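**Q** One structure coming up, written as structure tokens, with questions to follow.
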Amino acid sequence: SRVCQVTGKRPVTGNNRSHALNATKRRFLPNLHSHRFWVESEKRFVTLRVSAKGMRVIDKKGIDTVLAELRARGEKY
Amino acid sequence: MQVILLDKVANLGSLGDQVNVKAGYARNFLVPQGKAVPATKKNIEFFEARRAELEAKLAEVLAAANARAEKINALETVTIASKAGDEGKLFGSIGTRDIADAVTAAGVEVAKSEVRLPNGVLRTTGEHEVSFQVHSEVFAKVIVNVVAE
RNA sequence: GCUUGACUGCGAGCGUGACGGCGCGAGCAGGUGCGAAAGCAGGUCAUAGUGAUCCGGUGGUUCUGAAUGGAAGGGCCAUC
RNA sequence: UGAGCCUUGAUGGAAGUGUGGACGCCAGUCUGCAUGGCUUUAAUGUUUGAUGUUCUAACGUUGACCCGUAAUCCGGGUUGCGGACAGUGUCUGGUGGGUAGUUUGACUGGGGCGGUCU
RNA sequence: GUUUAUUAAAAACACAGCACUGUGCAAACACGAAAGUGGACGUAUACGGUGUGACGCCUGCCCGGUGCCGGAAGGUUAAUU
RNA sequence: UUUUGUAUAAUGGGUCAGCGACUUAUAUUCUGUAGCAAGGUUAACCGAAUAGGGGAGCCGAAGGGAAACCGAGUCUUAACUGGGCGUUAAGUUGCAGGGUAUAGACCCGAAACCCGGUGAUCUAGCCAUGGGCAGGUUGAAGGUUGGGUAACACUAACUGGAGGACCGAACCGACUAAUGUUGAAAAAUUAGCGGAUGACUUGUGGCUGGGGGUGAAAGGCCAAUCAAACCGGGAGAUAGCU
RNA sequence: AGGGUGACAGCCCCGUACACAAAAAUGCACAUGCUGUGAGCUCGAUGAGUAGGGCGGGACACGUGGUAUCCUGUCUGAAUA
RNA sequence: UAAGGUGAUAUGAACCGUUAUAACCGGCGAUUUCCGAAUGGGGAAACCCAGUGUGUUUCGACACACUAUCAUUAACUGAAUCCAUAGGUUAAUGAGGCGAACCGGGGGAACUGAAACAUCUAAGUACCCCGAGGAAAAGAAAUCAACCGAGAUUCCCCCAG
Ligand SMILES: [Mg+2]
Ligand SMILES: [Mg+2]
Ligand SMILES: [Mg+2]
Ligand SMILES: [Mg+2]
Ligand SMILES: [Mg+2]
Ligand SMILES: [Mg+2]
Ligand SMILES: [Mg+2]
Ligand SMILES: [Mg+2]
Ligand SMILES: [Mg+2]
Ligand SMILES: [Mg+2]
Ligand SMILES: [Mg+2]
Ligand SMILES: [Mg+2]
Ligand SMILES: [Mg+2]
Ligand SMILES: [Mg+2]
Ligand SMILES: [Mg+2]
Ligand SMILES: [Mg+2]
Ligand SMILES: [Mg+2]
Ligand SMILES: [Mg+2]
Ligand SMILES: [Mg+2]
Ligand SMILES: [Mg+2]
Ligand SMILES: [Mg+2]
Ligand SMILES: [Mg+2]
Ligand SMILES: [Mg+2]
Ligand SMILES: [Mg+2]
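First to last, the sequence lines map onto chains A and B. Residue numbers 2 to 78, in the UniProt record's numbering, belong to the letters of the first sequence in order. Residue numbers 1 to 149, in the UniProt record's numbering, belong to the letters of the second sequence in order.
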């Protein structure tokens, strides 16, 4: 399930739109990547499936907090 | 990605400076390998409280013994001396514990030779004020009274 | 030869079309050319020489202008 | 390595016994090299992009090993190989009857062909 | 040998053989938004695609057109700035 | 019924009986009718509930101009001798009807498009595991032994038992004819016919699903059907046609 | 009101108007208890990968239009009464 | 509540009742085989086969109970790695499945209309999927208004085709 474990970002639907303006159903789906992060608070490597932006969010809020969610939301990690 | 530093660190490092580096370098090498930290603002005082509770705190806590020579600004009583010789001139030298013999009962008792003037130590009159090692900065002042016996 | 009437606003009143429209028109106002003057000129002897509407361009024009003043956009006239 | 700024040598403690480079008004004297009682120039420190080597630490491993585990999966770990590449997301040019939706006029001595359409 | 079960059994398809062309292996190709899997427990004396169709004697000329392959100069040229 | 025209040898009906097609809602206009009249009327709601309340609002009493605006006038134009549209006729709300608009819109009918499902008990291909092929022929390689060579080559008897080999039942097929064609049978019967140790044939079970499968390729086959299966739904698709 | 009874019934039957009814289990209200639960005053604090922006789509009656407003797949990113 | 009763086709038989344990009706309980979410394992539904506890003047065996998965929590265990995490057993709680419409959300057609057709339409309709309640959803303004003022959301009539 292409879904960013930190932002909830899943694929969305939309059209294509040719020059002639012809709609064709499609998907935008997120830039996922699943990345090994170091915790230090846990002396372990937790490897989340994250979209960039998901990343930019840890880079700011900070891992120990992001993982604080998930835990508090039920997610495995 | 700005972040602040811990250890040194090649082309930017300085045990606590204010750098701005590509996020990769950080979330892949600096932190998760202890060398830097997200400048979470919370932090830019947590590590600026240091730059003040230090670089102007303990850099002031140095100054509490001004010149150390506080109330010793009127010479010190001359119990004995430091020696003389050459029937008129001078001949004898300071054994590795012999400029205290004089100021031998003042401040506190030691016995070490932090030599400051690398000369033959000039042989003439007697009473001389150079300095001596009293610390990594300040100085002191005292005199030398010879012994007539 | 001299000239810009191949003018601007209008138009009694006719023609001709299912319609959209197309044509003819003396005369009125302003201003203009030619003629001494009466007068003639709103293109070419007449009848073909063409493309509705939408959308957009350009100039003009305060008519419009979403709190108010502006502006954008719209309208109106000209034209592509 | 293309350009900027900061700088120390060029345009804006004397004379003699001694040297590389040169637009040198067309035959200079120089820019320095030894001595002897804000604008036309070279190197660094640097700031900024391009190119290339390499690294390792993202990431890949459909090599080997350890454990969960008597398990051809998966996961964690170790190691070896590769490595900012490959791949993927968004955007973007090309290609694309593989697939899809359609169009492909009327008149007409039947239709088509020819011809015609104001 | 195969085939239109039910108006066509053939000169049609197939075939062994020939050629072209793709593929260095996590192969190309194929099913599949993926994971997974066929190819293959195979490795270029192999695997796929295409055409020809035992065998004998042979298979000439044309690259302008279309298609395909190669090309580090220039011209034109997208998002981007 | 359709037609220029039908006794027509052009359509439809064997016959009877029952059913079977211009509706309904909301708007909108006209006509009729009733109320009130420069006025008519309320909606939701409240409700004492078909009353009464409620006048939000709609239509009408004023038009001209794109508009600002002016106003029984206004616009056109600098301005019209003028010109256009207006001022000189009552409306409005019910009720019944005639039209129209939006809805299946008078009824029945396509071939098809789309969505979700059900089908490999027929059949195509493949997978696993099992079964079958009377009888008769031909007589490859190889081997043995002689003869032969300097030795091989070669050669003769014998031995051997090859093949999408030959003939031919079962079994698999389906070339011809006749019969049958309201059949015995929605593909057969009878006489002939091809294959018959193979790319053979067959049982049981399995896998492949509809723009999909499978296909020694015919557009064949996928449950008596296939140029895109069946079932339900969109659904009263649409039908300028009958 | 209606239904039935050998044809059409206020007065034959069952009903109807009206007036009554629960040992139990429950619904809803209240008045109480139990476990909680927090109340009022003062002094604070005032929701960042967010608003905004580029690109591509989608919502707004509004089809990119001169197009505000909203959501976000991608890339970015403020101020702090 | 009662003078009549043992549902129906449907008699008959053998019976139960008449002053309150006949029947009838309602509240609360008991019992409730097998299949089915089906949950001990399996499986071609209503069948096959277990493990551990128990249980017998005949303690062979045969009957009765428990044993699915997942989530939260707790206890005890416990790798690569020694700590620690992973893992492992047990327990206590809960979920599972069914069913009208209405409701929020995730996807989302075409026929058809435009007298053809692609923008546009049909239409966020049909349909598939998830979730929930007696309703759902929405909701106490970074909303409008217009220099006056209004004061969350929801529904109705207008505004207005
Ligand atoms: Mg096509
Ligand atoms: Mg269509
Ligand atoms: Mg024709
Ligand atoms: Mg046939
Ligand atoms: Mg035949
Ligand atoms: Mg081949
Ligand atoms: Mg051929
Ligand atoms: Mg041939
Ligand atoms: Mg006829
Ligand atoms: Mg007649
Ligand atoms: Mg007849
Ligand atoms: Mg079968
Ligand atoms: Mg044979
Ligand atoms: Mg035979
Ligand atoms: Mg026969
Ligand atoms: Mg069939
Ligand atoms: Mg159907
Ligand atoms: Mg429909
Ligand atoms: Mg129909
Ligand atoms: Mg706030
Ligand atoms: Mg069971
Ligand atoms: Mg089961
Ligand atoms: Mg159409
Ligand atoms: Mg609620």
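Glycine is no exception: its CB is placed at the ideal position from the N, C-alpha and C atoms.
1) Roughly how many angstroms separate the alpha carbons of residue 46(A) and residue 41(B), rounded to a whole number?
2) Residues in its own chain within less than 7 Å of residue 16(A) by CB, not counting five upstream and five downstream?
3) Would you report the Cα separation of residue 139(B) and residue 53(B), rounded to the nearest angstrom?
4) Please report how far the alpha carbon of residue 79(B) lies from the alpha carbon of residue 114(B), in whole angstroms.
5) For the segment 34-64 of chain B, which residues have a beta carbon sitting closer than 8 Å to at least one beta carbon of chain A?
6) What do you get for residue 6(A), buried or exposed, if any count of 16 or more other CB atoms within 10 angstroms of its CB means buried?
7) By a C-beta neighbour count over all protein chains shown, 10 Å radius and 16 as the cutoff for buried, is residue 143(B) buried or exposed?
8) On a Cα-Cα basis, can you pick out the residue from 141(B), 18(B), 9(B) and 2(B) that is closest to residue 72(B)?
9) Within the 8 Å Cβ cut-off, does residue 41(A) reach chain B?
10) Would you give the residue range spanned by the beta strand (DSSP E) that residue 66(A) belongs to?
11) For residue 63(B), does the count of other Cβ atoms within 10 angstroms reach 16, so buried, or fall short, so exposed?
12) Does DSSP put residue 57(A) in a helix, in a strand, or in coil?
13) When we look at the beta-carbon of residue 38(B) and count the other beta-carbons within 10 Å, is it buried (16 or more) or exposed?
14) Going along chain B, which residues have a C-beta under 7 Å from residue 65(A)?
15) Answer yes if the segment 31-49 of chain A comes into contact with the segment 3-11 of chain B, meaning at least three C-beta pairs across the two stretches below 8 Å, and no otherwise.
**A** According to the data block:
1) Residue numbering aside, residue 46(A) sits at position 45 when the first sequence is read from its first letter. Residue numbering aside, residue 41(B) sits at position 41 when the second sequence is read from its first letter. So the alpha carbons of these two residues sit roughly 26 Å apart.
2) Here residue 16(A) refers to the residue found at position 15 of the first sequence. Contacts found: 24, 25, 26 and 27.
3) As a first step, residue 139(B) is located in the second sequence; it is residue number 139 there, counting from the start. As a first step, residue 53(B) is located in the second sequence; it is residue number 53 there, counting from the start. Those two C-alpha atoms are separated by around 27 Å.
4) Counting from 1 along the second sequence, the entry for residue 79(B) is found at position 79. Counting from 1 along the second sequence, the entry for residue 114(B) is found at position 114. Their backbone Cα atoms lie some 22 Å apart in a straight line.
5) 34, 38 and 40
6) Taking the first sequence and counting its residues from 1, the one referred to as residue 6(A) is at position 5. Per the 10 Å Cβ criterion, buried.
7) Residue mapping note: residue 143(B) aligns to position 143 of the second sequence, counting from 1. Exposed, by the Cβ-count rule.
8) Position 72 of the second sequence holds residue 72(B). Nearest of 141(B), 18(B), 9(B) and 2(B) to residue 72(B), Cα basis: 141(B).
9) Here the question's residue 41(A) lines up with position 40 in the first sequence. Cβ-Cβ to chain B under 8 Å: yes for residue 41(A).
10) The residue you call residue 66(A) lines up with position 65 of the first sequence. Counting along the chain, residue 66(A) falls outside any beta strand (DSSP E), though it belongs to the alpha helix (DSSP H) covering 64-67.
11) To locate residue 63(B), count along the second sequence from 1; it is residue 63. Burial call: exposed.
12) Looking up residue 57(A) in the first sequence gives position 56. If DSSP states are grouped into helix, strand and coil, residue 57(A) belongs with the helices.
13) The count along the second sequence starts at 1 and reaches residue 38(B) at position 38. With 16 or more other Cβ atoms within 10 Å, it is buried.
14) Within the first sequence, the letter at position 64 stands for residue 65(A). Near residue 65(A) there are no residues of chain B at all, since even the closest Cβ is about 11 Å away, more than 7 Å.
15) no
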